Each structure stands twice: as C-alpha cells, then as structure tokens.
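Listed next as structure tokens is one chain, alone, in the form deposited in one PDB entry.
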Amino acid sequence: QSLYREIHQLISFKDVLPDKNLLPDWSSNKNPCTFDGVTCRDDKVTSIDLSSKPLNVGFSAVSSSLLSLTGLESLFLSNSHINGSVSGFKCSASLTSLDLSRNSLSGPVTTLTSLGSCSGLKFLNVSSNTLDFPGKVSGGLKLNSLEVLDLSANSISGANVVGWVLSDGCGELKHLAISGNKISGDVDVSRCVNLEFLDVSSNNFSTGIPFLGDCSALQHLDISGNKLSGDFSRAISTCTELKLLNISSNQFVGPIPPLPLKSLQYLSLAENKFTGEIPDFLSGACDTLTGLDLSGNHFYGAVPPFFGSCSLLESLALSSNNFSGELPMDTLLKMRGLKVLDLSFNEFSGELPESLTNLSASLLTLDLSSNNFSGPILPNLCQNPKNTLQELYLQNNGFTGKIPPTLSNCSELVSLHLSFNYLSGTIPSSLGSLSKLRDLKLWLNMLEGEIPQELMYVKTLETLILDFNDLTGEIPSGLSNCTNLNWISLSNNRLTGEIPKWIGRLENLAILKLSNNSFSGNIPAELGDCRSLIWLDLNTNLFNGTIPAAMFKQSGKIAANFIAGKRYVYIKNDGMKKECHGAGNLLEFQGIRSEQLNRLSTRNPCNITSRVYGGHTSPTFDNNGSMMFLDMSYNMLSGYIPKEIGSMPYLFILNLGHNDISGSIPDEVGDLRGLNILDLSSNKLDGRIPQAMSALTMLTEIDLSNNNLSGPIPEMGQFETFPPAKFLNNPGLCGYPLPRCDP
C-alpha cells in the first residue's frame, strides 16, 4: 500500500536476482509505477510482468516479495526460470491471476493447495513445469474458487488425477487443461456445470469416456492423443453448445456415430480407425462448420455433395483414406470460404479440371499429393490476379508435361512440391521471382537443362531438392545469395564442375547430397566453414586430390535445429551387387508413399525391399555438435586421411571406400565414438589396423577389404564380431577372424 513498502518489497526481489541487471530501471528511490514490467493504476502497483526474463530464482523469492504486495492483482512470470516448489505464503487477497508457466517448478502437485492463501485467485497457469503425482491419489486440490486452471505439460502420472483436482468442488470452473501428462482413469466434470473448455489431450486415458453430465456449458472438448475407444457419441449427445470437438489420435472404430452439430465449428476424427463413407447427417453442421479433419481413417467413397452448403468451411482435411473419383469441383467452388484443401494419400483420379484455377485465388494450401491425377499442370493456374496460394503439393501423381512458368504468378508461394512425377522440360527461370519461396522440391522427374541462376533472387530459399533428374551443368554461382539454404540435394543427375568455395557462406546449410553426378576437383576446405553441415554425401563422382583437414574444423561447434522435423526416407545399401553405391540414400519424402519407391528401380541400381527407413529428421544434438554422415566413396581421392577425421563424436557413418587413399588409418579414428559403419575398402591403405579402433563400441559394420593392410587385427573390441570377408585381400593381415598370426 504505502509507497515505502511497495518499493522495498520490489527492490528486495531485485537484490535477490543473480543478475540484478535484468531489472535496470528498478531503483530504490524511484516510484515503482515508472518501472519496466510494472502496471499501475492511480499510482498503485496492480500487475507485474517479468515474463521471458531469466530471473533464475526460487519461488520463495516470488512469494515473499511480489505475491505479498498489497493490492497486486496479477503476477505474470511465464518463462522466467523460476525453480523450487510452491509452499505456504501470505497472499494478497487482491491477487486474481498467477501465471507461472514454462518454469522449473518441482515437487508434488499437492504443493499448489498452498495457493489457497490467495482468497481471490481465479486464474492459475502452472503449465510446462515438473509437478508430479507420486504415491496415492488422495485428498484434493482445494482451489475450488478457480475459473481457469492449466496443469498441462507437467510430469503428472496417475489415475483419477482429475477427480483429485475437482474433489473439493468445481462450480466456478470454466476452463480446465491438463494436456500433455500421463494421467489415466476417469474424467467426471458433471459437477462443473459452467465448464466451457476441457482439454485432457495427450494423456494416458484408455478406459471411460469423460462424463459431462448435462454438458450445459461445454464449448471446447479435446480428448485427442489418448487410447480411447468407447462410445463418445453417447457421452456428448447432450452437448448442445459444443463448438470444437477433437477426438483425433485415439482408438475409435466403426462408422461416424451421431454427433451434436448445432454449434459445431471444428471437428477432428483424425488418426482413428473409423470406417464407411462420409454420412449425410453431417450436412447438419454446414451452417457452422469451419474446419473438418477426417484424415488417417478408413473412409471411402466420393466427397458427398452436401459439402457444397458447407460455405464456412475453411479447411477440409481428408487425407490418408480411400476417397476416389475425379476432383469434385462441382462442390469445391461452392466453398467460398475454403482456404486449405488436403486430399493427399487417397485415390482421386482424372485430370485437373480447368475450373481448378479459380481456387488458386482463394486457397492458401492445395494438397493433392499421392493420388492418381494425370495430365499436365494447368498453365492457366495463378493467372487470376491477387492469387493467394502459398503451398502447392502435387507430388507423387502421374502429371506429365512441363513446369508452367505461370507458377511464378503465385507470388505468395512459399512451398512448391512437384516431385515424384513425369515432368519434362527444364526448370523455368521465372521461379526466381518467388520472393517468398522457401521450399523448392522437384525430385524424381525428367527435368533437363541447367539450374536457373535467377534463384539468387530467392533470398528466402531454405530447401532445394532436385534429385533423380537429367540436369546438366554446374552449380550456379548465384546460389551464394541463398544464404538461408539448409538442405540441398542434387543427386542422380549429370551435373559437372566442382563445389564452389562460397559453399562455406551457407551457415544454415545442414544436408548436402551430390551423389551419382560427375562433379570434379578437390574437396573445398571451405566446407569446414559450414556452421550447420551434418550430412555430406558425395559418393559416385570424380573428386580427386587429398581430403582437406580443414573441413572438420567446425566439429564441436555445429548447430542443427532448423533442419529438424522434415519427413525423410533413408534407403540402406542392399549390400549385394557392386552397382549399388554409398551407405544409403537420404531422400526428402513429404507427402509420398513408400510403396511408390519402386519408381526408383529405373533410376537407382539398389534393392529397396526391407531397407527403407523413414521418419522426421532429428539431429542427435542441439548445439556443440559435429558432422553425422560422411560418404565420399567411389571417387579418386588420394593422399592420406587427416588425423582430424577423428574430431566428429556424432559421426555414425564414414564411407571413404573405393578410392585411391594411401597411408595408414589414423589412430584418431578410434575417437569416432558414435561410428556405426566404417567402410574403407578398395583403397591403398597400408600398415596395421590401429589398436585405438578397438575402442569403437557402436560399430555394427566395418569393411577394410581390398587394401595393403598388414599385421594383427585389434581383436580386442568388435573386430572378432565380423566375418572374414570384411578383411580379405589384405595379404599381411592376420588374427581372428582371419588365420592366426604365424611366422
């Protein structure tokens, strides 16, 4: 109250910070109403917001200094590096909202009961902390005066945790979120008659569907990301106010049951096992439906035409089912509000009706990937002015013809995916006018010609995927201006020339795959200036000279974060004929079926069956890392391997096989702790196998055959694991698994 007490409480909080300089304008002889982070009314402090400031202090400092302020109405400390746990404290009765999200609060969730000191508390957000529920679930939260409680993203593992929260009553509760825990058991919110928002998603619920009682107030129901399979239809039948219903990522089955459609705006049944065709009774929702997600089920049939009246539908996700027929334009154009259209991974056939060019001017995302669409790409597409299309996903179809340069009109285009098709012609230089294009993916086509240098104008280019084409020429110098590139893969073309030394300017460059081309010259030492390079595949080319030791200078300082989250497939080498080269083909694979990897048989000499790994890219570190994959096999590299080769603790494959490398294996190779595969076969390596290699503990595969090696095999680590074949054609070589070292 009194200004003297206000200032001293606040400054005592500042004086406890490890870095007092985080609150620079907080001074012991100014009015706190002038402080950054402070809100005042009539010269009295009412709210404090130090969110996203690394205060690095325990909750004891908060409760004793800030939460004791008389008249403080709200305290926001989201992502402030608060740790410790909530304990008893004297709480101003004016405090109504407390945001302690995204901190390091620990202890059992029963600690939050001590927040009952706050007689006026109505909003509590302790999400993204480490509260848990050890031992028995008993007692109660005893915060029944709350209107909004968010316990999401904690470490709460237990059954009937929800009952524990609401045990003491929930008449006042309007918004409950406990998502992202490991909670199970029953959800009984029938006594919470003013509950409008319920999010129990991403938990461990596998038994009863939540019981909603009269469901008088519920507008938002999210039970997705569990293992539910019960009769949710009966559970929500009385939910006349339900605006959002998310039951996706569960174990539900059967046809689409009855649903409350009066107020329904968002409906997701995605990632379940629902069957049948889209029922007609869903037309009742078209007065209000703004988003529909039926993706990832066993639906079939055409798109019912009642969807024509769904004029408010902004997103229509039907992907990964078995819908067939031609592109139902008769219905799509009536969807005046449609902004996202996802029919991917279906069996929609036919050519692209001309009327499709109209949707370009309203859609933001047109996803038709993985279907039976034939014919060419509409040249008249995007010819409608002020087009708004941002994502065009047509990959894995049967499109023929050329890439229409008119796609340059789609000025708002950020991602372009024409891969896995039969497109001929060249890459039009007009694509360089896409000032916002980030993803350009055109791999597995029949594109001839050179790469357009007009891409130097695309300063936002992030990925550049052009594998399996007939491209000739060199790497255009203009791409140096594409400094945001994090993925460039040009393999299986007929490219020539060298790797430009400006490759080291691309600090975001993480993956660089150039295999099965005719690149020449030495390895640029500037590849060591790449702060993000983690995947380097140069196999089957004409590189010569020696390996520069400088390319491994960024080891221990590599960052790999922008590259994470990208769908890929890794096709392990068949290990059969000498035709298949390299460890494996890392291939971009967004919106493509692995079943259609048979198309690679006409372009890749490898056996694909039982050798295709997939998923989303996930580097083994966030910072202070190194290179992960290094394959320069099938070239003409000479000289000796530099000792710096062993400075990559995250390298799990190293293939230098089929070259002209001389000298001995550096003992530093034994520092490659993470090495899974080590191929050095078909070279001129001489000397003994360094004993330090017996320290490699994760080698699932080695091959030192066809060299000039001699002496005993380390035979102290994993070398006995391997069959003789991996050591044959080394005359002087001996020791198990080879014949014993004799005179």
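Residue positions are given as counts along the sequence shown, with the first one as 1.
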Residue 407 left out of the model in a third or more of other PDB entries: no
Within the set of other compared PDB entries, does residue 481 lack a model in a third or more? no
Higher average CA B factor in the deposited record is what I'm after, so tell me if that's 502 to 510 or 147 to 155. 502 to 510
As stated in the PDB record, which stretch has the larger average Cα B-factor, 117 to 125 or 134 to 142? 134 to 142
Member of 256, 261, 427, 236 with the greatest C-alpha B factor (per the PDB record): 427
Kindly indicate the residue among 213, 71, 582, 379 with the greatest C-alpha B-factor in the PDB record. 379
Which third, lowest, middle or highest, does the CA B-factor of residue 687 fall in along this chain? highest
Could you look up the Cα B-factor of residue 578 in the entry and say which third of the chain it sits in: lowest, middle or highest? highest
Place residue 12 in the lowest, middle or highest third of its chain's C-alpha B-factors, as listed in the PDB entry. lowest
What third of its chain's C-alpha B-factors does residue 417 belong to: lowest, middle or highest? middle
Sorting the chain's modelled residues by C-alpha B-factor, tell me whether residue 252 ends up in the lowest, middle or highest third. lowest
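This next part talks about the form deposited in another entry, which is not shown.
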From 702, 407, 345, 471, the hinge of the rigid-body change between the shown form and the other one corresponds to 345
